[PDB]
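Enquirer: If it helps, the file is called my_file-v4.json and holds JSON, N, CA and C atoms:
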[["chain", "number", "residue", "atom", "x", "y", "z"],
["A", 465, "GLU", "N", 120.46, 127.14, 86.20],
["A", 465, "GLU", "CA", 121.04, 126.98, 84.86],
["A", 465, "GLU", "C", 122.06, 125.84, 84.92],
["A", 466, "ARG", "N", 121.71, 124.70, 84.33],
["A", 466, "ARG", "CA", 122.64, 123.58, 84.22],
["A", 466, "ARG", "C", 123.54, 123.79, 83.01],
["A", 467, "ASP", "N", 124.84, 123.84, 83.24],
["A", 467, "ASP", "CA", 125.81, 124.17, 82.20],
["A", 467, "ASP", "C", 126.81, 123.03, 82.04],
["A", 468, "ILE", "N", 127.28, 122.85, 80.80],
["A", 468, "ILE", "CA", 128.30, 121.86, 80.47],
["A", 468, "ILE", "C", 129.45, 122.58, 79.77],
["A", 469, "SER", "N", 130.68, 122.21, 80.12],
["A", 469, "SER", "CA", 131.85, 122.83, 79.53],
["A", 469, "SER", "C", 132.95, 121.80, 79.36],
["A", 470, "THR", "N", 133.67, 121.89, 78.24],
["A", 470, "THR", "CA", 134.76, 120.97, 77.94],
["A", 470, "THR", "C", 135.98, 121.78, 77.50],
["A", 471, "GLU", "N", 135.73, 122.97, 76.94],
["A", 471, "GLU", "CA", 136.78, 123.80, 76.38],
["A", 471, "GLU", "C", 137.70, 124.35, 77.46],
["A", 472, "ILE", "N", 138.94, 124.65, 77.06],
["A", 472, "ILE", "CA", 139.98, 125.06, 77.99],
["A", 472, "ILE", "C", 139.77, 126.53, 78.36],
["A", 473, "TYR", "N", 139.68, 126.80, 79.66],
["A", 473, "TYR", "CA", 139.56, 128.18, 80.12],
["A", 473, "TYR", "C", 140.87, 128.93, 79.91],
["A", 474, "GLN", "N", 140.77, 130.17, 79.47],
["A", 474, "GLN", "CA", 141.93, 130.98, 79.13],
["A", 474, "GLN", "C", 142.22, 132.00, 80.22],
["A", 475, "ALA", "N", 143.49, 132.40, 80.31],
["A", 475, "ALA", "CA", 143.95, 133.38, 81.29],
["A", 475, "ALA", "C", 144.84, 134.43, 80.63],
["A", 476, "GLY", "N", 144.58, 134.74, 79.36],
["A", 476, "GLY", "CA", 145.36, 135.72, 78.65],
["A", 476, "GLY", "C", 144.56, 136.32, 77.51],
["A", 477, "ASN", "N", 145.18, 137.29, 76.84],
["A", 477, "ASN", "CA", 144.54, 137.98, 75.72],
["A", 477, "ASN", "C", 144.60, 137.20, 74.42],
["A", 478, "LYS", "N", 145.46, 136.18, 74.33],
["A", 478, "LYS", "CA", 145.56, 135.38, 73.12],
["A", 478, "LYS", "C", 144.38, 134.41, 73.01],
["A", 479, "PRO", "N", 144.03, 133.99, 71.80],
["A", 479, "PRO", "CA", 143.01, 132.94, 71.66],
["A", 479, "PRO", "C", 143.49, 131.62, 72.24],
["A", 480, "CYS", "N", 142.54, 130.86, 72.79],
["A", 480, "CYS", "CA", 142.87, 129.61, 73.48],
["A", 480, "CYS", "C", 141.64, 128.72, 73.47],
["A", 481, "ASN", "N", 141.73, 127.59, 72.78],
["A", 481, "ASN", "CA", 140.62, 126.64, 72.73],
["A", 481, "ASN", "C", 141.03, 125.23, 73.10],
["A", 482, "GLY", "N", 142.23, 124.80, 72.71],
["A", 482, "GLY", "CA", 142.68, 123.45, 73.01],
["A", 482, "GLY", "C", 144.16, 123.35, 73.29],
["A", 483, "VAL", "N", 144.79, 124.46, 73.65],
["A", 483, "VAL", "CA", 146.24, 124.51, 73.84],
["A", 483, "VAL", "C", 146.56, 124.29, 75.31],
["A", 484, "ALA", "N", 147.47, 123.36, 75.58],
["A", 484, "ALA", "CA", 147.91, 123.04, 76.93],
["A", 484, "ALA", "C", 149.37, 123.45, 77.12],
["A", 485, "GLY", "N", 149.81, 123.42, 78.38],
["A", 485, "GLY", "CA", 151.15, 123.84, 78.72],
["A", 485, "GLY", "C", 151.37, 125.34, 78.71],
["A", 486, "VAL", "N", 150.30, 126.12, 78.61],
["A", 486, "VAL", "CA", 150.38, 127.58, 78.53],
["A", 486, "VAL", "C", 149.56, 128.03, 79.75],
["A", 487, "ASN", "N", 149.37, 129.34, 79.94],
["A", 487, "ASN", "CA", 148.64, 129.86, 81.09],
["A", 487, "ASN", "C", 147.18, 129.43, 81.12],
["A", 488, "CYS", "N", 146.64, 128.92, 80.01],
["A", 488, "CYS", "CA", 145.31, 128.34, 80.02],
["A", 488, "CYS", "C", 145.29, 127.08, 80.88],
["A", 489, "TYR", "N", 144.22, 126.93, 81.67],
["A", 489, "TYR", "CA", 144.07, 125.79, 82.56],
["A", 489, "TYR", "C", 142.73, 125.12, 82.32],
["A", 490, "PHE", "N", 142.66, 123.83, 82.66],
["A", 490, "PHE", "CA", 141.42, 123.09, 82.55],
["A", 490, "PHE", "C", 140.43, 123.57, 83.62],
["A", 491, "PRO", "N", 139.17, 123.79, 83.26],
["A", 491, "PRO", "CA", 138.19, 124.28, 84.24],
["A", 491, "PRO", "C", 137.53, 123.21, 85.09],
["A", 492, "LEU", "N", 137.97, 121.95, 85.01],
["A", 492, "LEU", "CA", 137.40, 120.87, 85.80],
["A", 492, "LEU", "C", 138.51, 120.07, 86.46],
["A", 493, "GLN", "N", 138.16, 119.37, 87.53],
["A", 493, "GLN", "CA", 139.09, 118.48, 88.21],
["A", 493, "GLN", "C", 138.30, 117.36, 88.87],
["A", 494, "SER", "N", 138.97, 116.23, 89.09],
["A", 494, "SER", "CA", 138.34, 115.03, 89.61],
["A", 494, "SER", "C", 138.51, 114.95, 91.12],
["A", 495, "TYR", "N", 137.43, 114.57, 91.81],
["A", 495, "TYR", "CA", 137.47, 114.44, 93.26],
["A", 495, "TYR", "C", 138.28, 113.23, 93.69],
["A", 496, "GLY", "N", 138.94, 113.35, 94.83],
["A", 496, "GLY", "CA", 139.60, 112.23, 95.46],
["A", 496, "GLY", "C", 139.06, 111.99, 96.86],
["A", 497, "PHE", "N", 138.35, 110.88, 97.05],
["A", 497, "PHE", "CA", 137.67, 110.59, 98.31],
["A", 497, "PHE", "C", 138.34, 109.39, 98.97],
["A", 498, "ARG", "N", 138.95, 109.63, 100.12],
["A", 498, "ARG", "CA", 139.60, 108.60, 100.92],
["A", 498, "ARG", "C", 139.28, 108.84, 102.38],
["A", 499, "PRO", "N", 139.30, 107.78, 103.21],
["A", 499, "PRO", "CA", 139.05, 107.98, 104.65],
["A", 499, "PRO", "C", 140.16, 108.72, 105.38],
["A", 500, "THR", "N", 141.31, 108.97, 104.75],
["A", 500, "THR", "CA", 142.39, 109.70, 105.41],
["A", 500, "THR", "C", 142.07, 111.18, 105.59],
["A", 501, "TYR", "N", 141.09, 111.71, 104.87],
["A", 501, "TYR", "CA", 140.65, 113.09, 105.03],
["A", 501, "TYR", "C", 139.39, 113.10, 105.89],
["A", 502, "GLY", "N", 139.42, 113.86, 106.98],
["A", 502, "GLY", "CA", 138.30, 113.92, 107.89],
["A", 502, "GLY", "C", 137.13, 114.74, 107.39],
["A", 503, "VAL", "N", 137.33, 116.05, 107.24],
["A", 503, "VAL", "CA", 136.25, 116.97, 106.88],
["A", 503, "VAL", "C", 136.54, 117.60, 105.52],
["A", 504, "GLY", "N", 137.83, 117.73, 105.19],
["A", 504, "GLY", "CA", 138.21, 118.45, 103.98],
["A", 504, "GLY", "C", 137.79, 117.75, 102.70],
["A", 505, "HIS", "N", 137.99, 116.44, 102.62],
["A", 505, "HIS", "CA", 137.64, 115.65, 101.44],
["A", 505, "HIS", "C", 136.83, 114.44, 101.91],
["A", 506, "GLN", "N", 135.51, 114.62, 102.01],
["A", 506, "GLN", "CA", 134.62, 113.56, 102.43],
["A", 506, "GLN", "C", 133.31, 113.71, 101.67],
["A", 507, "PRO", "N", 132.79, 112.64, 101.07],
["A", 507, "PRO", "CA", 131.50, 112.73, 100.38],
["A", 507, "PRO", "C", 130.36, 112.94, 101.37],
["A", 508, "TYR", "N", 129.30, 113.58, 100.88],
["A", 508, "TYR", "CA", 128.12, 113.86, 101.69],
["A", 508, "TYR", "C", 126.87, 113.59, 100.88],
["A", 509, "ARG", "N", 125.80, 113.21, 101.58],
["A", 509, "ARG", "CA", 124.51, 112.92, 100.96],
["A", 509, "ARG", "C", 123.61, 114.15, 100.98],
["A", 510, "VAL", "N", 124.09, 115.23, 100.36],
["A", 510, "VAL", "CA", 123.36, 116.49, 100.33],
["A", 510, "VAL", "C", 122.41, 116.50, 99.13],
["A", 511, "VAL", "N", 121.15, 116.84, 99.40],
["A", 511, "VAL", "CA", 120.12, 116.96, 98.38],
["A", 511, "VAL", "C", 119.36, 118.25, 98.64],
["A", 512, "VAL", "N", 119.30, 119.12, 97.64],
["A", 512, "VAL", "CA", 118.60, 120.39, 97.75],
["A", 512, "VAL", "C", 117.14, 120.20, 97.35],
["A", 513, "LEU", "N", 116.24, 120.83, 98.10],
["A", 513, "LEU", "CA", 114.80, 120.78, 97.83],
["A", 513, "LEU", "C", 114.28, 122.19, 97.67],
["A", 514, "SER", "N", 113.52, 122.42, 96.60],
["A", 514, "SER", "CA", 113.00, 123.74, 96.28],
["A", 514, "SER", "C", 111.48, 123.76, 96.42],
["B", 465, "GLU", "N", 146.29, 149.62, 114.42],
["B", 465, "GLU", "CA", 147.49, 149.97, 115.17],
["B", 465, "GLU", "C", 148.50, 148.82, 115.09],
["B", 466, "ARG", "N", 149.77, 149.16, 115.29],
["B", 466, "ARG", "CA", 150.85, 148.19, 115.29],
["B", 466, "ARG", "C", 151.52, 148.20, 116.66],
["B", 467, "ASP", "N", 151.64, 147.02, 117.27],
["B", 467, "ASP", "CA", 152.22, 146.86, 118.59],
["B", 467, "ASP", "C", 153.39, 145.89, 118.52],
["B", 468, "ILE", "N", 154.54, 146.30, 119.04],
["B", 468, "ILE", "CA", 155.72, 145.46, 119.16],
["B", 468, "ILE", "C", 156.07, 145.41, 120.64],
["B", 469, "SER", "N", 155.74, 144.30, 121.30],
["B", 469, "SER", "CA", 155.92, 144.16, 122.74],
["B", 469, "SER", "C", 156.96, 143.08, 123.01],
["B", 470, "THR", "N", 157.99, 143.43, 123.79],
["B", 470, "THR", "CA", 159.01, 142.49, 124.22],
["B", 470, "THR", "C", 159.03, 142.25, 125.72],
["B", 471, "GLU", "N", 158.40, 143.12, 126.51],
["B", 471, "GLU", "CA", 158.37, 142.96, 127.95],
["B", 471, "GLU", "C", 157.35, 141.89, 128.35],
["B", 472, "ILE", "N", 157.39, 141.52, 129.62],
["B", 472, "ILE", "CA", 156.53, 140.46, 130.16],
["B", 472, "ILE", "C", 155.24, 141.09, 130.65],
["B", 473, "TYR", "N", 154.11, 140.62, 130.12],
["B", 473, "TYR", "CA", 152.81, 141.07, 130.60],
["B", 473, "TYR", "C", 152.51, 140.42, 131.95],
["B", 474, "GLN", "N", 152.02, 141.22, 132.89],
["B", 474, "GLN", "CA", 151.75, 140.74, 134.24],
["B", 474, "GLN", "C", 150.29, 140.33, 134.37],
["B", 475, "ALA", "N", 150.06, 139.18, 135.02],
["B", 475, "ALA", "CA", 148.72, 138.63, 135.19],
["B", 475, "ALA", "C", 148.39, 138.36, 136.65],
["B", 476, "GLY", "N", 149.04, 139.05, 137.57],
["B", 476, "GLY", "CA", 148.79, 138.87, 139.00],
["B", 476, "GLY", "C", 148.93, 140.18, 139.74],
["B", 477, "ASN", "N", 149.61, 140.14, 140.88],
["B", 477, "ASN", "CA", 149.84, 141.33, 141.69],
["B", 477, "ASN", "C", 151.29, 141.75, 141.76],
["B", 478, "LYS", "N", 152.23, 140.80, 141.68],
["B", 478, "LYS", "CA", 153.64, 141.15, 141.69],
["B", 478, "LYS", "C", 154.03, 141.77, 140.35],
["B", 479, "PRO", "N", 154.94, 142.76, 140.35],
["B", 479, "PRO", "CA", 155.36, 143.38, 139.09],
["B", 479, "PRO", "C", 156.23, 142.46, 138.25],
["B", 480, "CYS", "N", 155.69, 142.00, 137.11],
["B", 480, "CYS", "CA", 156.43, 141.12, 136.20],
["B", 480, "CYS", "C", 157.13, 141.94, 135.12],
["B", 481, "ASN", "N", 158.03, 142.83, 135.58],
["B", 481, "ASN", "CA", 158.77, 143.66, 134.64],
["B", 481, "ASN", "C", 159.82, 142.85, 133.88],
["B", 482, "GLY", "N", 160.48, 141.91, 134.55],
["B", 482, "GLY", "CA", 161.48, 141.09, 133.90],
["B", 482, "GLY", "C", 161.48, 139.65, 134.36],
["B", 483, "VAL", "N", 160.55, 139.30, 135.25],
["B", 483, "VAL", "CA", 160.46, 137.96, 135.82],
["B", 483, "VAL", "C", 159.15, 137.33, 135.35],
["B", 484, "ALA", "N", 159.24, 136.10, 134.85],
["B", 484, "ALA", "CA", 158.07, 135.37, 134.38],
["B", 484, "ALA", "C", 158.21, 133.91, 134.75],
["B", 485, "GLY", "N", 157.07, 133.23, 134.83],
["B", 485, "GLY", "CA", 157.06, 131.80, 135.11],
["B", 485, "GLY", "C", 156.15, 131.39, 136.25],
["B", 486, "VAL", "N", 156.06, 132.22, 137.28],
["B", 486, "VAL", "CA", 155.25, 131.89, 138.45],
["B", 486, "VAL", "C", 153.80, 132.33, 138.28],
["B", 487, "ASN", "N", 153.56, 133.53, 137.75],
["B", 487, "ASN", "CA", 152.20, 133.99, 137.50],
["B", 487, "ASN", "C", 152.06, 134.78, 136.20],
["B", 488, "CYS", "N", 153.12, 134.92, 135.41],
["B", 488, "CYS", "CA", 153.10, 135.72, 134.20],
["B", 488, "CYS", "C", 153.72, 134.93, 133.06],
["B", 489, "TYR", "N", 153.21, 135.15, 131.85],
["B", 489, "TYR", "CA", 153.63, 134.41, 130.67],
["B", 489, "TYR", "C", 154.17, 135.37, 129.62],
["B", 490, "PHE", "N", 154.94, 134.81, 128.69],
["B", 490, "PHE", "CA", 155.39, 135.58, 127.53],
["B", 490, "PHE", "C", 154.21, 135.77, 126.58],
["B", 491, "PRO", "N", 153.94, 137.01, 126.13],
["B", 491, "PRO", "CA", 152.74, 137.25, 125.31],
["B", 491, "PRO", "C", 152.82, 136.67, 123.91],
["B", 492, "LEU", "N", 154.00, 136.31, 123.42],
["B", 492, "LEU", "CA", 154.17, 135.81, 122.06],
["B", 492, "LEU", "C", 154.31, 134.30, 122.09],
["B", 493, "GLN", "N", 153.46, 133.61, 121.32],
["B", 493, "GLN", "CA", 153.49, 132.16, 121.22],
["B", 493, "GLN", "C", 153.47, 131.77, 119.75],
["B", 494, "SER", "N", 154.37, 130.87, 119.36],
["B", 494, "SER", "CA", 154.49, 130.50, 117.96],
["B", 494, "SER", "C", 153.37, 129.55, 117.55],
["B", 495, "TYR", "N", 153.06, 129.57, 116.26],
["B", 495, "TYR", "CA", 152.02, 128.71, 115.70],
["B", 495, "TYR", "C", 152.53, 127.28, 115.55],
["B", 496, "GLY", "N", 151.63, 126.32, 115.78],
["B", 496, "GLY", "CA", 151.92, 124.92, 115.53],
["B", 496, "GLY", "C", 151.44, 124.48, 114.16],
["B", 497, "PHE", "N", 152.35, 124.40, 113.20],
["B", 497, "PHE", "CA", 152.02, 124.09, 111.81],
["B", 497, "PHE", "C", 152.65, 122.75, 111.45],
["B", 498, "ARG", "N", 151.87, 121.67, 111.54],
["B", 498, "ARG", "CA", 152.34, 120.35, 111.19],
["B", 498, "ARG", "C", 151.67, 119.88, 109.91],
["B", 499, "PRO", "N", 152.42, 119.35, 108.94],
["B", 499, "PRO", "CA", 151.78, 118.81, 107.73],
["B", 499, "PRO", "C", 150.93, 117.57, 107.98],
["B", 500, "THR", "N", 151.14, 116.87, 109.10],
["B", 500, "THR", "CA", 150.35, 115.70, 109.45],
["B", 500, "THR", "C", 149.04, 116.05, 110.13],
["B", 501, "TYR", "N", 148.77, 117.33, 110.37],
["B", 501, "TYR", "CA", 147.53, 117.74, 111.01],
["B", 501, "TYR", "C", 146.37, 117.69, 110.02],
["B", 502, "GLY", "N", 145.20, 118.12, 110.48],
["B", 502, "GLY", "CA", 144.01, 118.13, 109.66],
["B", 502, "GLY", "C", 143.98, 119.32, 108.72],
["B", 503, "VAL", "N", 142.85, 119.44, 108.02],
["B", 503, "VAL", "CA", 142.66, 120.54, 107.08],
["B", 503, "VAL", "C", 142.53, 121.86, 107.82],
["B", 504, "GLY", "N", 141.88, 121.85, 108.98],
["B", 504, "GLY", "CA", 141.70, 123.05, 109.78],
["B", 504, "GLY", "C", 142.91, 123.53, 110.54],
["B", 505, "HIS", "N", 144.05, 122.84, 110.42],
["B", 505, "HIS", "CA", 145.30, 123.23, 111.07],
["B", 505, "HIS", "C", 146.41, 123.36, 110.04],
["B", 506, "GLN", "N", 146.11, 124.03, 108.92],
["B", 506, "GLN", "CA", 147.07, 124.27, 107.86],
["B", 506, "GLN", "C", 147.34, 125.76, 107.71],
["B", 507, "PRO", "N", 148.59, 126.15, 107.43],
["B", 507, "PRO", "CA", 148.90, 127.59, 107.31],
["B", 507, "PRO", "C", 148.34, 128.21, 106.04],
["B", 508, "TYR", "N", 147.32, 129.05, 106.20],
["B", 508, "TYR", "CA", 146.73, 129.79, 105.10],
["B", 508, "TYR", "C", 147.37, 131.17, 105.02],
["B", 509, "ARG", "N", 147.81, 131.56, 103.83],
["B", 509, "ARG", "CA", 148.47, 132.84, 103.61],
["B", 509, "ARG", "C", 147.43, 133.84, 103.14],
["B", 510, "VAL", "N", 147.29, 134.95, 103.86],
["B", 510, "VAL", "CA", 146.20, 135.89, 103.65],
["B", 510, "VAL", "C", 146.76, 137.30, 103.46],
["B", 511, "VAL", "N", 146.15, 138.02, 102.51],
["B", 511, "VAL", "CA", 146.49, 139.38, 102.13],
["B", 511, "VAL", "C", 145.24, 140.24, 102.34],
["B", 512, "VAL", "N", 145.44, 141.52, 102.63],
["B", 512, "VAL", "CA", 144.34, 142.46, 102.77],
["B", 512, "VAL", "C", 144.27, 143.32, 101.52],
["B", 513, "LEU", "N", 143.11, 143.95, 101.31],
["B", 513, "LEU", "CA", 142.94, 144.89, 100.21],
["B", 513, "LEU", "C", 141.81, 145.84, 100.59],
["B", 514, "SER", "N", 142.15, 147.08, 100.91],
["B", 514, "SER", "CA", 141.19, 148.09, 101.33],
["B", 514, "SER", "C", 141.26, 149.29, 100.40]]
Let me see the structure of the file written as structure tokens.
Expert:
Amino acid sequence: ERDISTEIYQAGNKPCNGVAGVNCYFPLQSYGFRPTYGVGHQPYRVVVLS
Amino acid sequence: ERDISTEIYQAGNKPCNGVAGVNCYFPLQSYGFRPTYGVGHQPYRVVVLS
């Protein structure tokens, strides 16, 4: 199931769709790839075959 | 079980009741936690739940 999401994930009982600075957090983050990270942050050429 | 050991563990034939250094070591060794180390040498804080 390929899924796409943009809306802000909520962590409380209140409604939350686009409010920031509250317990709601963004469900995505951007990768940082540099040679200073050995194994923890390194890109890989992984391809799954079914 | 919970063990609190302060005496010297013996690893030879002479009784290491209070003498260490020649054939016996202190059983407690502190962790080496450096921020300049790799990802696999970082202090992870872990809790149990049974």
Enquirer: Report the Cα RMSD between chain B and chain A after least-squares superposition, pairing every C-alpha atom in order.
Expert: 1.3 Å
Enquirer: For a test of reading the model, state the distance in Å between atom CA of residue B:501 and atom CA of residue A:507, rounded to one decimal.
Expert: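 Distance between the two atoms: 19.9 Å.
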Enquirer: Do me a favour and pick out the residues of chain A within 8 Å of chain B, using only N, CA and C atoms, as a short mmCIF file (atom, residue, chain, number, x, y, z; two decimals) with N, CA and C atoms, in the frame of the given file.
Expert:
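Listed below is the output, iface-v3.cif:
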data_model
loop_
_atom_site.label_atom_id
_atom_site.label_comp_id
_atom_site.auth_asym_id
_atom_site.auth_seq_id
_atom_site.Cartn_x
_atom_site.Cartn_y
_atom_site.Cartn_z
N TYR A 501 141.09 111.71 104.87
CA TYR A 501 140.65 113.09 105.03
C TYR A 501 139.39 113.10 105.89
N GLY A 502 139.42 113.86 106.98
CA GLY A 502 138.30 113.92 107.89
C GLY A 502 137.13 114.74 107.39
N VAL A 503 137.33 116.05 107.24
CA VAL A 503 136.25 116.97 106.88
C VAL A 503 136.54 117.60 105.52
N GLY A 504 137.83 117.73 105.19
CA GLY A 504 138.21 118.45 103.98
C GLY A 504 137.79 117.75 102.70
N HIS A 505 137.99 116.44 102.62
CA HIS A 505 137.64 115.65 101.44
C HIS A 505 136.83 114.44 101.91
#
Enquirer: Show which residues sit within 6.5 Å of residue A:487, as a ChimeraX atom specification. Count all atoms listed in the file, and ignore same-chain residues fewer than 3 positions away.
Expert: /A:473-476
Enquirer: Export, as a short mmCIF file (atom, residue, chain, number, x, y, z; two decimals), keeping the file's coordinate frame, the selected residues with N, CA and C atoms.
Expert:
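Result saved to again-v9.cif:
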data_model
loop_
_atom_site.label_atom_id
_atom_site.label_comp_id
_atom_site.auth_asym_id
_atom_site.auth_seq_id
_atom_site.Cartn_x
_atom_site.Cartn_y
_atom_site.Cartn_z
N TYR A 473 139.68 126.80 79.66
CA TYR A 473 139.56 128.18 80.12
C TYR A 473 140.87 128.93 79.91
N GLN A 474 140.77 130.17 79.47
CA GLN A 474 141.93 130.98 79.13
C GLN A 474 142.22 132.00 80.22
N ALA A 475 143.49 132.40 80.31
CA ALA A 475 143.95 133.38 81.29
C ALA A 475 144.84 134.43 80.63
N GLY A 476 144.58 134.74 79.36
CA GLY A 476 145.36 135.72 78.65
C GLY A 476 144.56 136.32 77.51
#
Enquirer: Separation of atom CA of residue A:486 and atom CA of residue A:472, in Å?
Expert: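 These two atoms are separated by 10.7 Å.
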Enquirer: Work out where the centre of an axis-aligned box around every listed atom of stretch 483-486 of chain A lies and how long its edges are once 3 Å is added on each side; give both in Å to one decimal as JSON.
Expert:
{"center_x": 148.1, "center_y": 125.5, "center_z": 76.7, "size_x": 12.6, "size_y": 11.0, "size_z": 12.1}
Enquirer: Please determine, counting only C-alpha atoms, which residue among B:508, B:469, B:478, B:483 has the shortest atom-to-atom distance to residue B:495.
Expert: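 The shortest atom-to-atom distance to residue B:495 comes from B:508.
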Enquirer: What is the distance between atom CA of residue A:479 and atom C of residue A:491, in Å to one decimal?
Expert: 17.5 Å
Enquirer: Compare B:511, B:477, B:471, B:506 by their minimum atom-to-atom distance to residue B:489, counting all atoms listed in the file, and give me the closest one.
Expert: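 Ranking B:511, B:477, B:471, B:506 by distance to residue B:489, first place goes to B:471.
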